[PDB]
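1. one piece of my complex first, more on the way:
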Amino acid sequence: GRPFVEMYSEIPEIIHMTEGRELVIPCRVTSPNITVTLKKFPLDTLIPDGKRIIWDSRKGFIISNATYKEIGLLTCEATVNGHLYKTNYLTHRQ
């Protein structure tokens, strides 16, 4: 199946970030009932709290105030129908 509207599982998509600025990780999904986990390689899981990090199923994750900690390989993961899907983004600066 396809939980992510745009899926970059093999080669990451590049997105530009600016520190102090909003960073959208744009892994929007095909249904609002899909649960998505955001990860930063290799160790971190970023939990949305509805403020500093907001999940919107039509957009992806919205990180209000990006920092240098958000520079790297970021992965959205969703498990649907018992299967795990990943889509990958490489963030670096403007």
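-> Structure's in. What do you need? Numbering: from 1, shown residues only, chains lettered A, B, ... in the order given.
2. and residue A:49, that one's in a helix?
-> No. Judged by DSSP: H, G, I helix; E, B strand; the rest coil, residue A:49 forms no part of a helix; its state is coil.
3. Neighbours of it, how many?
-> 9 (other C-beta atoms under 10 Å). All C-beta spots, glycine's among them, are computed from the backbone N, C-alpha and C.
4. How about residue A:90?
-> Neighbour count for residue A:90, taken as other C-beta under 10 Å: 15.
5. tell me what whichever strand or helix holds it is packed against?
-> In the assignment (DSSP states H and E), residue A:90 maps to strand A:83-93. For strand A:83-93, the elements it packs on are strand A:13-17, strand A:23-25, strand A:72-80, judged by 3 or more C-beta pairs under 8 Å, 6 or more residues apart in numbering; DSSP states H and E.
6. for those strands, which one sits closest to residue A:2?
-> strand A:72-80 (8.8 Å; C-beta to C-beta).
7. List the buried residues of the closest one.
-> Neighbour-count burial for strand A:72-80 flags A:74, A:75, A:76, A:77, A:78, A:80 (criterion: 16 or more other C-beta atoms under 10 Å).
8. one more, chain B:
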Amino acid sequence: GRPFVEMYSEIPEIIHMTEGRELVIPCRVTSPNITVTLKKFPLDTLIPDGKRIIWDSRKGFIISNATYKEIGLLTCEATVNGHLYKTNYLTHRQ
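-> Chain B now in position relative to the chains above:
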């Protein structure tokens, strides 16, 4: 071993390219005797001719006049001591 001074085998390094401008794929090597192949995913092999594409072991591949065909995942491959090494670059625009 390590034929490439900087080696990006697992997560590609990002490099900015501008069309009509020089593009360096910077997979410099640890010895001028190392043979390196340049590839563009998934089908292409780019052959240096000493003019449009120049190999310099201290720099990498120098593509005089980059085009949109050079946008994508580019890989330098070297076989040393019977082992194949790869280093990966994602090119996209300035």
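9. once more on the neighbour count of residue A:90, this time with chain B?
-> Counted with other C-beta atoms under 10 Å in any protein chain shown, the neighbours of residue A:90 add up to 21.
10. who touches it in this structure?
-> Residues near residue A:90 by C-beta atoms under 8 Å, 6 or more residues apart in numbering or on different chains: A:12, A:13, A:14, A:15, A:72, A:73, A:74, B:11, B:12, B:14, B:90.
11. Across the sheet, point out what pairs with the fifth one.
-> Counting by DSSP bridges, residue A:72 is bridged to residue A:91.
12. and the gap between it and residue A:66?
-> Residue A:72 sits 12 Å away from residue A:66, going by C-beta to C-beta, to the nearest Å.
13. swap in the first one?
-> Here residue A:12 is placed at a distance of 17 Å from residue A:66 (C-beta to C-beta).
14. can you tell me how far the closest residue to residue A:93 other than its chain neighbours sits from chain B?
-> Leaving aside its sequence neighbours, residue A:93 sits nearest to residue A:17 (C-beta to C-beta, 6 or more residues apart in numbering or on different chains; 6.1 Å). Separation of residue A:17 from chain B (C-beta to the nearest C-beta, to the nearest Å): 12 Å.
15. How much space separates residue A:17 from residue A:48?
-> According to C-beta to C-beta, residue A:17 and residue A:48 sit 17 Å apart.
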